$ cat run.txt   # compact mmCIF, C-alpha atoms
# COMPACT_ATOMS: atom_id res chain seq x y z
CA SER Z 2 120.94 -6.96 -64.07
CA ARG Z 3 121.18 -8.91 -67.32
CA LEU Z 4 124.11 -10.34 -69.26
CA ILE Z 5 125.08 -9.46 -72.85
CA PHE Z 6 124.65 -11.36 -76.12
CA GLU Z 7 126.82 -10.95 -79.23
CA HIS Z 8 125.57 -11.53 -82.78
CA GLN Z 9 127.37 -14.77 -83.54
CA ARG Z 10 126.63 -15.99 -87.05
CA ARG Z 11 123.73 -18.32 -87.77
CA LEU Z 12 124.56 -21.87 -88.78
CA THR Z 13 123.34 -23.24 -92.07
CA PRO Z 14 121.40 -26.50 -92.34
CA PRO Z 15 121.73 -27.97 -95.83
CA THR Z 16 119.02 -26.29 -97.86
CA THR Z 17 116.99 -27.63 -100.76
CA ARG Z 18 118.22 -27.95 -104.33
CA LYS Z 19 114.95 -26.36 -105.40
CA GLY Z 20 115.29 -27.38 -109.02
CA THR Z 21 113.06 -29.05 -111.57
CA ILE Z 22 113.34 -32.82 -111.48
CA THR Z 23 112.17 -34.08 -114.88
CA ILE Z 24 110.89 -37.53 -115.81
CA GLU Z 25 110.90 -39.19 -119.20
CA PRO Z 26 107.47 -40.28 -120.48
CA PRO Z 27 106.88 -44.02 -120.84
CA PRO Z 28 106.96 -45.99 -124.09
CA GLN Z 29 104.11 -45.97 -126.60
CA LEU Z 30 102.28 -49.36 -126.56
CA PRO Z 31 104.31 -51.09 -129.36
CA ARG Z 32 101.93 -52.99 -131.72
CA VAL Z 33 102.37 -56.80 -131.30
CA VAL Z 34 101.64 -59.03 -134.36
CA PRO Z 35 99.64 -62.31 -133.95
CA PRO Z 36 101.80 -65.23 -132.60
CA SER Z 37 100.98 -67.37 -135.73
CA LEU Z 38 101.23 -71.12 -134.81
CA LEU Z 39 102.60 -71.96 -138.34
CA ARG Z 40 105.88 -70.06 -137.61
CA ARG Z 41 105.56 -70.81 -133.83
CA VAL Z 42 105.48 -74.66 -133.99
CA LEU Z 43 109.19 -75.53 -134.61
CA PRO Z 44 110.16 -77.10 -131.22
CA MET Z 92 109.10 -58.39 -132.31
CA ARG Z 93 107.16 -60.75 -130.01
CA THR Z 94 106.45 -60.31 -126.30
CA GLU Z 95 110.06 -60.89 -125.24
CA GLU Z 96 111.32 -57.56 -126.56
CA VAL Z 97 108.47 -55.43 -125.23
CA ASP Z 98 108.94 -57.07 -121.85
CA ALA Z 99 112.63 -56.23 -121.95
CA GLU Z 100 111.74 -52.61 -122.62
CA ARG Z 101 109.18 -52.60 -119.80
CA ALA Z 102 111.82 -53.85 -117.38
CA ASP Z 103 114.25 -51.15 -118.48
CA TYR Z 104 111.76 -48.37 -117.92
CA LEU Z 105 110.81 -49.66 -114.51
CA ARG Z 106 114.47 -49.68 -113.47
CA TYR Z 107 114.82 -46.06 -114.59
CA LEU Z 108 111.75 -45.26 -112.52
CA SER Z 109 113.28 -46.80 -109.41
CA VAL Z 110 116.31 -44.56 -109.80
CA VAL Z 111 114.17 -41.44 -110.05
CA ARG Z 112 112.21 -42.44 -106.97
CA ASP Z 113 115.42 -42.75 -104.98
CA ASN Z 114 116.56 -39.30 -106.04
CA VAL Z 115 113.32 -37.59 -105.10
CA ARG Z 116 113.38 -39.33 -101.74
CA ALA Z 117 116.79 -37.81 -101.12
CA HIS Z 118 115.32 -34.38 -101.87
CA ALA Z 119 112.50 -35.05 -99.42
CA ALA Z 120 115.08 -35.98 -96.80
CA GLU Z 121 116.79 -32.62 -97.26
CA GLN Z 122 113.49 -30.78 -96.97
CA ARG Z 123 112.34 -32.50 -93.79
CA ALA Z 124 115.80 -32.08 -92.28
CA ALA Z 125 115.72 -28.33 -92.81
CA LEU Z 126 112.17 -27.92 -91.56
CA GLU Z 127 112.86 -29.92 -88.42
CA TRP Z 128 116.02 -27.90 -87.81
CA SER Z 129 114.31 -24.54 -87.99
CA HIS Z 130 111.08 -25.30 -86.04
CA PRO Z 131 111.91 -27.80 -83.30
CA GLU Z 132 109.27 -29.40 -81.15
CA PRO Z 133 107.77 -27.25 -78.36
CA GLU Z 134 109.90 -28.91 -75.73
CA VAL Z 135 113.44 -28.51 -77.07
CA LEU Z 136 112.96 -24.75 -77.01
CA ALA Z 137 113.57 -24.87 -73.27
CA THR Z 138 117.22 -25.59 -74.02
CA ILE Z 139 117.64 -23.09 -76.86
CA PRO Z 140 117.81 -19.75 -74.95
CA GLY Z 141 121.31 -20.65 -73.82
CA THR Z 142 123.34 -21.62 -76.84
CA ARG Z 143 124.34 -19.45 -79.82
CA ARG Z 144 121.18 -20.25 -81.80
CA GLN Z 145 118.63 -18.11 -79.96
CA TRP Z 146 118.49 -15.01 -82.18
CA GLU Z 147 119.55 -17.04 -85.20
CA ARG Z 148 116.68 -15.70 -87.33
CA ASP Z 149 117.31 -12.65 -89.49
CA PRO Z 150 115.14 -10.67 -91.94
CA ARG Z 151 117.20 -11.91 -94.89
CA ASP Z 152 116.54 -15.58 -94.17
CA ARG Z 153 113.86 -17.70 -95.84
CA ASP Z 154 112.37 -18.57 -92.44
CA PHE Z 155 111.45 -15.22 -90.94
CA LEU Z 156 108.47 -14.52 -88.69
CA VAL Z 157 107.17 -18.03 -89.35
CA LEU Z 158 105.44 -19.67 -86.39
CA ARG Z 159 105.21 -23.45 -86.14
CA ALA Z 160 101.87 -24.91 -85.08
CA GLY Z 161 102.03 -28.66 -85.75
CA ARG Z 162 102.68 -31.44 -88.25
CA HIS Z 163 100.90 -32.30 -91.48
CA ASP Z 164 101.64 -32.86 -95.17
CA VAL Z 165 103.89 -30.25 -96.76
CA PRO Z 166 103.67 -30.51 -100.54
CA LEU Z 167 107.37 -30.93 -101.41
CA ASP Z 168 108.28 -27.55 -102.89
CA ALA Z 169 110.39 -29.22 -105.58
CA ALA Z 170 108.97 -29.40 -109.08
CA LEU Z 171 108.29 -32.95 -110.35
CA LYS Z 172 107.38 -32.02 -113.92
CA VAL Z 173 107.25 -34.52 -116.76
CA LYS Z 174 107.66 -33.40 -120.38
CA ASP Z 175 104.56 -35.03 -121.86
CA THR Z 176 104.22 -34.07 -125.52
CA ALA Z 177 101.52 -36.45 -126.79
CA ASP Z 178 98.11 -35.67 -128.24
CA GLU Z 179 96.49 -38.55 -126.38
CA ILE Z 180 98.68 -41.24 -127.87
CA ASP Z 181 98.28 -44.53 -126.04
CA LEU Z 182 101.16 -45.33 -123.74
CA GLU Z 183 102.15 -48.78 -122.51
CA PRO Z 184 99.79 -49.82 -119.70
CA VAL Z 185 102.23 -51.37 -117.24
CA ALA Z 186 104.62 -48.42 -117.37
CA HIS Z 187 102.12 -45.56 -117.31
CA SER Z 188 100.43 -47.30 -114.39
CA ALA Z 189 103.68 -47.22 -112.42
CA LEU Z 190 104.50 -43.60 -113.22
CA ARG Z 191 100.99 -42.50 -112.33
CA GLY Z 192 101.11 -44.42 -109.07
CA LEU Z 193 104.40 -42.68 -108.35
CA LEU Z 194 103.51 -39.07 -109.12
CA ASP Z 195 100.87 -39.01 -106.37
CA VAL Z 196 102.44 -40.56 -103.25
CA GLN Z 197 105.99 -39.27 -103.68
CA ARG Z 198 104.80 -35.71 -104.28
CA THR Z 199 103.78 -34.75 -100.72
CA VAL Z 200 106.08 -35.13 -97.73
CA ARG Z 201 104.54 -37.01 -94.83
CA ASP Z 202 103.96 -35.30 -91.48
CA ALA Z 203 106.40 -32.39 -91.32
CA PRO Z 204 106.69 -29.27 -89.16
CA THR Z 205 104.02 -26.97 -90.56
CA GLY Z 206 104.28 -23.22 -90.75
CA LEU Z 207 101.88 -20.54 -89.53
CA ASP Z 208 103.70 -17.58 -91.04
CA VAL Z 209 102.72 -14.18 -89.67
CA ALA Z 210 104.70 -11.93 -92.01
CA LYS Z 211 101.66 -11.58 -94.31
CA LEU Z 212 98.62 -12.21 -92.14
CA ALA Z 213 98.02 -8.93 -90.19
CA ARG Z 214 95.23 -10.57 -88.14
CA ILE Z 215 94.69 -13.93 -86.47
CA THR Z 216 91.41 -14.96 -84.87
CA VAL Z 217 91.08 -18.39 -83.27
CA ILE Z 218 87.75 -20.02 -82.39
CA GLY Z 219 86.85 -22.64 -79.82
CA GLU Z 220 87.47 -23.70 -76.27
CA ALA Z 221 89.26 -21.39 -73.84
CA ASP Z 222 92.59 -22.95 -72.89
CA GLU Z 223 92.97 -25.09 -75.98
CA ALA Z 224 93.30 -21.72 -77.71
CA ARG Z 225 95.66 -20.05 -75.24
CA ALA Z 226 97.74 -23.19 -75.70
CA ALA Z 227 98.52 -22.80 -79.41
CA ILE Z 228 98.77 -19.07 -78.75
CA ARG Z 229 101.40 -19.30 -75.99
CA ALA Z 230 103.04 -22.01 -78.09
CA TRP Z 231 103.73 -20.07 -81.22
CA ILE Z 232 104.17 -16.78 -79.37
CA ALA Z 233 107.07 -18.27 -77.42
CA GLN Z 234 108.36 -19.94 -80.56
CA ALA Z 235 108.31 -16.49 -82.17
CA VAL Z 236 109.96 -14.48 -79.42
CA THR Z 237 112.64 -17.10 -78.88
CA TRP Z 238 114.17 -16.97 -82.34
CA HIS Z 239 114.05 -13.26 -83.16
CA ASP Z 240 115.86 -10.33 -81.58
CA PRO Z 241 113.84 -8.65 -78.82
CA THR Z 242 115.04 -5.47 -80.53
CA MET Z 243 113.23 -6.48 -83.74
CA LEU Z 244 109.68 -7.55 -82.84
CA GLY Z 245 107.19 -6.60 -80.17
CA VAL Z 246 104.25 -8.21 -78.41
CA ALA Z 247 101.21 -6.88 -76.54
CA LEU Z 248 98.63 -8.42 -74.22
CA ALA Z 249 95.26 -7.62 -72.63
CA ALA Z 250 93.46 -10.00 -70.25
CA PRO Z 251 91.40 -9.75 -67.02
CA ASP Z 252 92.99 -12.40 -64.77
CA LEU Z 253 96.48 -11.81 -66.11
CA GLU Z 254 98.35 -12.78 -62.92
CA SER Z 255 96.83 -16.18 -62.06
CA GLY Z 256 99.18 -18.60 -63.78
CA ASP Z 257 97.51 -17.19 -66.88
CA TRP Z 258 99.09 -14.52 -69.11
CA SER Z 259 101.20 -13.40 -66.16
CA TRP Z 260 104.09 -15.37 -67.64
CA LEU Z 261 104.98 -12.41 -69.86
CA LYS Z 262 106.54 -10.94 -66.74
CA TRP Z 263 110.18 -11.79 -67.43
CA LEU Z 264 109.72 -11.01 -71.11
CA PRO Z 265 112.12 -8.45 -72.64
CA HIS Z 266 110.43 -8.80 -76.04
CA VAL Z 267 107.47 -6.87 -74.60
CA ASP Z 268 109.95 -4.17 -73.50
CA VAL Z 269 109.92 -0.41 -74.14
CA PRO Z 270 112.81 1.91 -75.04
CA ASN Z 271 113.97 4.02 -72.07
CA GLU Z 272 111.60 2.98 -69.25
CA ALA Z 273 112.05 0.84 -66.14
CA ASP Z 274 108.54 0.18 -64.70
CA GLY Z 275 110.26 -0.78 -61.46
CA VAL Z 276 110.57 -4.55 -61.88
CA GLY Z 277 109.06 -5.50 -65.25
CA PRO Z 278 110.63 -4.69 -68.62
CA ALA Z 279 107.54 -2.90 -69.92
CA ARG Z 280 104.63 -4.95 -68.54
CA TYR Z 281 102.26 -4.11 -71.36
CA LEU Z 282 100.55 -7.11 -69.73
CA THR Z 283 97.28 -5.50 -68.70
CA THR Z 284 93.53 -6.04 -68.86
CA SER Z 285 92.14 -3.00 -70.74
CA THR Z 286 92.14 -2.73 -74.52
CA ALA Z 287 92.38 0.96 -75.39
CA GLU Z 288 94.78 1.25 -72.46
CA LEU Z 289 97.08 -1.24 -74.16
CA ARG Z 290 96.66 0.84 -77.31
CA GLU Z 291 97.80 3.98 -75.52
CA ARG Z 292 100.69 2.11 -73.91
CA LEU Z 293 101.53 1.24 -77.53
CA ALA Z 294 100.28 4.47 -79.14
CA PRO Z 295 103.85 5.87 -79.42
CA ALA Z 296 105.22 2.41 -80.21
CA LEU Z 297 102.54 2.23 -82.93
CA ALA Z 298 104.01 3.38 -86.23
CA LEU Z 311 109.93 -1.68 -88.69
CA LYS Z 312 109.87 -3.37 -85.31
CA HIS Z 313 107.02 -5.78 -85.85
CA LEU Z 314 104.16 -5.78 -83.36
CA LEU Z 315 102.19 -8.78 -82.12
CA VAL Z 316 99.10 -7.77 -80.15
CA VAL Z 317 97.18 -10.63 -78.58
CA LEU Z 318 93.86 -10.40 -76.76
CA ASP Z 319 92.48 -13.07 -74.43
CA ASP Z 320 89.15 -11.28 -74.43
CA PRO Z 321 86.49 -12.37 -76.95
CA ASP Z 322 84.36 -9.29 -76.24
CA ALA Z 323 85.87 -5.85 -75.51
CA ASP Z 324 85.76 -4.35 -79.02
CA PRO Z 325 87.66 -6.82 -81.21
CA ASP Z 326 89.25 -5.26 -84.29
CA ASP Z 327 89.63 -1.83 -82.72
CA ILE Z 328 93.23 -0.88 -83.52
CA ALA Z 329 93.45 -2.17 -87.09
CA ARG Z 330 90.70 -2.25 -89.72
CA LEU Z 334 98.44 -1.43 -90.94
CA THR Z 335 101.67 -2.35 -92.73
CA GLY Z 336 102.53 -5.56 -90.90
CA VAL Z 337 101.54 -5.02 -87.27
CA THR Z 338 99.67 -8.22 -86.45
CA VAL Z 339 96.66 -8.62 -84.18
CA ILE Z 340 95.60 -11.85 -82.52
CA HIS Z 341 92.19 -12.25 -80.95
CA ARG Z 342 90.53 -15.31 -79.47
CA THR Z 343 86.86 -15.32 -80.35
CA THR Z 344 83.77 -16.90 -78.86
CA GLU Z 345 81.75 -17.85 -81.95
CA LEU Z 346 82.11 -18.04 -85.69
CA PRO Z 347 80.80 -16.52 -88.89
CA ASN Z 348 78.79 -18.99 -90.94
CA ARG Z 349 78.82 -17.60 -94.50
CA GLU Z 350 82.05 -15.63 -94.65
CA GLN Z 351 82.78 -14.29 -98.13
CA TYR Z 352 85.41 -16.96 -98.77
CA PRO Z 353 87.84 -15.70 -96.12
CA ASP Z 354 91.01 -14.15 -97.43
CA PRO Z 355 94.13 -16.25 -96.82
CA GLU Z 356 95.06 -13.18 -94.79
CA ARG Z 357 93.18 -12.47 -91.57
CA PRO Z 358 91.83 -16.06 -91.67
CA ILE Z 359 89.61 -18.14 -89.40
CA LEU Z 360 90.97 -20.98 -87.27
CA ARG Z 361 89.07 -23.57 -85.23
CA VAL Z 362 90.82 -25.70 -82.61
CA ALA Z 363 89.82 -29.37 -82.47
CA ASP Z 364 91.25 -32.05 -80.16
CA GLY Z 365 94.52 -32.20 -82.10
CA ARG Z 366 93.49 -30.32 -85.23
CA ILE Z 367 93.69 -26.67 -86.17
CA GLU Z 368 90.93 -26.76 -88.75
CA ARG Z 369 90.95 -23.81 -91.13
CA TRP Z 370 87.72 -22.19 -92.31
CA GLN Z 371 87.09 -22.77 -96.02
CA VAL Z 372 83.45 -23.33 -97.06
CA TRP Z 375 86.82 -28.59 -93.51
CA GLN Z 376 90.46 -28.76 -94.63
CA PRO Z 377 92.03 -29.65 -91.26
CA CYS Z 378 95.23 -27.82 -92.30
CA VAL Z 379 96.95 -29.52 -89.32
CA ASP Z 380 96.52 -33.14 -88.31
CA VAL Z 381 98.49 -33.09 -85.05
CA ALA Z 382 98.57 -29.67 -83.43
CA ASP Z 383 101.42 -28.28 -81.32
CA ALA Z 384 100.02 -27.36 -77.89
CA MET Z 385 101.90 -25.83 -74.97
CA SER Z 386 101.16 -25.72 -71.25
CA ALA Z 387 101.17 -22.69 -68.97
CA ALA Z 388 103.90 -23.71 -66.54
CA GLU Z 389 106.09 -24.67 -69.49
CA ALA Z 390 105.84 -21.16 -70.89
CA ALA Z 391 106.52 -19.87 -67.40
CA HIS Z 392 109.79 -21.79 -67.21
CA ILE Z 393 110.56 -20.61 -70.74
CA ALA Z 394 110.22 -16.95 -69.81
CA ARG Z 395 112.24 -17.57 -66.67
CA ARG Z 396 115.15 -19.15 -68.51
CA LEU Z 397 115.18 -16.56 -71.27
CA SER Z 398 115.19 -13.48 -69.05
CA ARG Z 399 118.88 -14.19 -68.32
CA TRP Z 400 120.73 -12.99 -71.43
CA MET Q 92 102.94 -58.32 -144.38
CA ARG Q 93 100.55 -60.57 -142.48
CA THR Q 94 96.84 -60.00 -142.95
CA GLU Q 95 96.50 -59.97 -139.17
CA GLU Q 96 98.73 -56.91 -139.18
CA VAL Q 97 96.57 -54.46 -141.11
CA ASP Q 98 93.47 -56.00 -139.53
CA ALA Q 99 95.07 -54.71 -136.36
CA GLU Q 100 95.26 -51.22 -137.81
$ encode --input "run.txt" --output "structure tokens"
Amino acid sequence: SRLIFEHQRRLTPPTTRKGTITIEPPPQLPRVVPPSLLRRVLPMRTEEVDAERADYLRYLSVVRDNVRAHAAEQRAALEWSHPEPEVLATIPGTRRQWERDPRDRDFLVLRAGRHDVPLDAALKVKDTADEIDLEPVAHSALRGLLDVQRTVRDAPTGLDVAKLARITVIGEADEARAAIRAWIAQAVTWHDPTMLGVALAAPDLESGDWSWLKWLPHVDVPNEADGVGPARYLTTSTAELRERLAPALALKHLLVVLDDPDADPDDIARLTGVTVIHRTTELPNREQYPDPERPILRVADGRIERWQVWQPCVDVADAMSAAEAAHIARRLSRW
Amino acid sequence: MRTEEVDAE
């Protein structure tokens, strides 16, 4: 029925030299004596301090170039490991499909869009002064540097799921199912179908809606045919999906999604990593400062605005379409 | 040492 895949090694994109770039503090406002016309009318004065200013600014330029190289490495890696939700149509073929392993820094991380990643490198200066006054035209430059070259511009974000255990989106219907299908495909595509599992419950499953999990062998079961479908956990009842997963519930990671806002949300959990996803109708208003785990997510036009006290947390969201996911499943069912 | 020096301190 299906072909065979062999565990060819993963390729390595050049990682980050995650060190501690250090910057020398500027000079210390050298005291300038009065010009004194008497000894200035013949035809440690400004010339020397200007020379020193120029030297420090040159040094600063060099450091800026180096940190930009580091930023280039970082964006290169992050683009390599979370491509845009169209290239993934071509990935199921080549030797990079199950290229994610539990030893690798990117594991069970699900891309959702592009915004400012804070440049994991250090950027620490060794300031040792007790409010001594530093030269104005150097300190100004260093300060104006340490704020714009510290955060990478729009970069592939990460909605990691290895330490969330619950995701609950809020907002319009299909805008939600978009980001959901998006990162759920991005998840299944990179990791061995023998390593992580997914579950579904929805009323109109086979209508161009959640049907598309048909050809999915990530939703599979061990030792069961179900006639045509791998496991076809794809259902409409909640506790029924639980029972279909009750033996599978026990590490193969589990990803249970629920297109139903009602029908007893939070009824399996609340375990040790098995993640639940549930689209909700409406929000809490005074949540007790939601834990970074099991958080709240609102879907704007192109934002995925987190819930904190609105901290958009994504400025351009990654959205998928239904038919695209359909063609994804179709292509991937081959190997 | 110029007067204008200490006056600056």
$ closest_atom_pairs --input "run.txt" --of "chain Q" --to "chain Z" --cutoff "9 Å" --atoms "all atoms listed in the file" --output "Markdown table"
| residue | atom | partner | partner_atom | distance |
| --- | --- | --- | --- | --- |
| Q:93 | CA | Z:34 | CA | 8.3 |
| Q:95 | CA | Z:35 | CA | 6.5 |
| Q:96 | CA | Z:34 | CA | 6.0 |
| Q:99 | CA | Z:34 | CA | 8.1 |
$ residues_near_point --input "run.txt" --point "(86.5, -6.2, -77.3)" --cutoff "12 Å" --atoms "all atoms listed in the file" --output "list in words"
residues 249, 250, 251, 284, 285, 286, 287, 317, 318, 319, 320, 321, 322, 323, 324, 325, 326, 327, 328, 340, 341, 342, 343 and 344 of chain Z
$ atom_distance --input "run.txt" --atom1 "atom CA of residue 131 of chain Z" --atom2 "atom CA of residue 200 of chain Z"
17.2 Å
$ atom_distance --input "run.txt" --atom1 "atom CA of residue 347 of chain Z" --atom2 "atom CA of residue 157 of chain Z"
26.4 Å
$ atom_distance --input "run.txt" --atom1 "atom CA of residue 252 of chain Z" --atom2 "atom CA of residue 289 of chain Z"
15.1 Å
$ closest_atom_pairs --input "run.txt" --of "segment 141-217 of chain Z" --to "segment 364-376 of chain Z" --cutoff "10 Å" --atoms "only C-alpha atoms" --output "JSON lines"
{"residue": "Z:160", "atom": "CA", "partner": "Z:367", "partner_atom": "CA", "distance": 8.4}
{"residue": "Z:161", "atom": "CA", "partner": "Z:367", "partner_atom": "CA", "distance": 8.6}
{"residue": "Z:162", "atom": "CA", "partner": "Z:366", "partner_atom": "CA", "distance": 9.7}
{"residue": "Z:163", "atom": "CA", "partner": "Z:366", "partner_atom": "CA", "distance": 9.9}
{"residue": "Z:217", "atom": "CA", "partner": "Z:367", "partner_atom": "CA", "distance": 9.2}
$ closest_residue --input "run.txt" --among "Z:396, Z:256, Z:28, Z:12" --to "residue 177 of chain Z" --atoms "all atoms listed in the file"
Z:28
$ residues_around --input "run.txt" --residues "residue 236 of chain Z" --least-positions-apart "2" --cutoff "12 Å" --atoms "all atoms listed in the file" --output "PDB file with C-alpha atoms, in the coordinates of the input"
ATOM      1  CA  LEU Z 136     112.960 -24.750 -77.010  1.00  0.00           C
ATOM      2  CA  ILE Z 139     117.640 -23.090 -76.860  1.00  0.00           C
ATOM      3  CA  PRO Z 140     117.810 -19.750 -74.950  1.00  0.00           C
ATOM      4  CA  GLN Z 145     118.630 -18.110 -79.960  1.00  0.00           C
ATOM      5  CA  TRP Z 146     118.490 -15.010 -82.180  1.00  0.00           C
ATOM      6  CA  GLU Z 147     119.550 -17.040 -85.200  1.00  0.00           C
ATOM      7  CA  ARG Z 148     116.680 -15.700 -87.330  1.00  0.00           C
ATOM      8  CA  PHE Z 155     111.450 -15.220 -90.940  1.00  0.00           C
ATOM      9  CA  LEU Z 156     108.470 -14.520 -88.690  1.00  0.00           C
ATOM     10  CA  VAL Z 157     107.170 -18.030 -89.350  1.00  0.00           C
ATOM     11  CA  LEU Z 158     105.440 -19.670 -86.390  1.00  0.00           C
ATOM     12  CA  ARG Z 229     101.400 -19.300 -75.990  1.00  0.00           C
ATOM     13  CA  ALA Z 230     103.040 -22.010 -78.090  1.00  0.00           C
ATOM     14  CA  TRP Z 231     103.730 -20.070 -81.220  1.00  0.00           C
ATOM     15  CA  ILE Z 232     104.170 -16.780 -79.370  1.00  0.00           C
ATOM     16  CA  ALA Z 233     107.070 -18.270 -77.420  1.00  0.00           C
ATOM     17  CA  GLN Z 234     108.360 -19.940 -80.560  1.00  0.00           C
ATOM     18  CA  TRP Z 238     114.170 -16.970 -82.340  1.00  0.00           C
ATOM     19  CA  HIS Z 239     114.050 -13.260 -83.160  1.00  0.00           C
ATOM     20  CA  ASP Z 240     115.860 -10.330 -81.580  1.00  0.00           C
ATOM     21  CA  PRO Z 241     113.840  -8.650 -78.820  1.00  0.00           C
ATOM     22  CA  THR Z 242     115.040  -5.470 -80.530  1.00  0.00           C
ATOM     23  CA  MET Z 243     113.230  -6.480 -83.740  1.00  0.00           C
ATOM     24  CA  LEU Z 244     109.680  -7.550 -82.840  1.00  0.00           C
ATOM     25  CA  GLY Z 245     107.190  -6.600 -80.170  1.00  0.00           C
ATOM     26  CA  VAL Z 246     104.250  -8.210 -78.410  1.00  0.00           C
ATOM     27  CA  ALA Z 247     101.210  -6.880 -76.540  1.00  0.00           C
ATOM     28  CA  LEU Z 261     104.980 -12.410 -69.860  1.00  0.00           C
ATOM     29  CA  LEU Z 264     109.720 -11.010 -71.110  1.00  0.00           C
ATOM     30  CA  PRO Z 265     112.120  -8.450 -72.640  1.00  0.00           C
ATOM     31  CA  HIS Z 266     110.430  -8.800 -76.040  1.00  0.00           C
ATOM     32  CA  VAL Z 267     107.470  -6.870 -74.600  1.00  0.00           C
ATOM     33  CA  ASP Z 268     109.950  -4.170 -73.500  1.00  0.00           C
ATOM     34  CA  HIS Z 313     107.020  -5.780 -85.850  1.00  0.00           C
ATOM     35  CA  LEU Z 314     104.160  -5.780 -83.360  1.00  0.00           C
ATOM     36  CA  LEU Z 315     102.190  -8.780 -82.120  1.00  0.00           C
ATOM     37  CA  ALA Z 390     105.840 -21.160 -70.890  1.00  0.00           C
ATOM     38  CA  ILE Z 393     110.560 -20.610 -70.740  1.00  0.00           C
ATOM     39  CA  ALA Z 394     110.220 -16.950 -69.810  1.00  0.00           C
ATOM     40  CA  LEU Z 397     115.180 -16.560 -71.270  1.00  0.00           C
ATOM     41  CA  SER Z 398     115.190 -13.480 -69.050  1.00  0.00           C
TER      42      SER Z 398
END
$ closest_residue --input "run.txt" --among "Z:279, Z:253, Z:235, Z:221" --to "residue 129 of chain Z" --atoms "all atoms listed in the file"
Z:235
$ closest_residue --input "run.txt" --among "Z:329, Z:382, Z:167, Z:186" --to "residue 109 of chain Z" --atoms "only C-alpha atoms"
Z:186
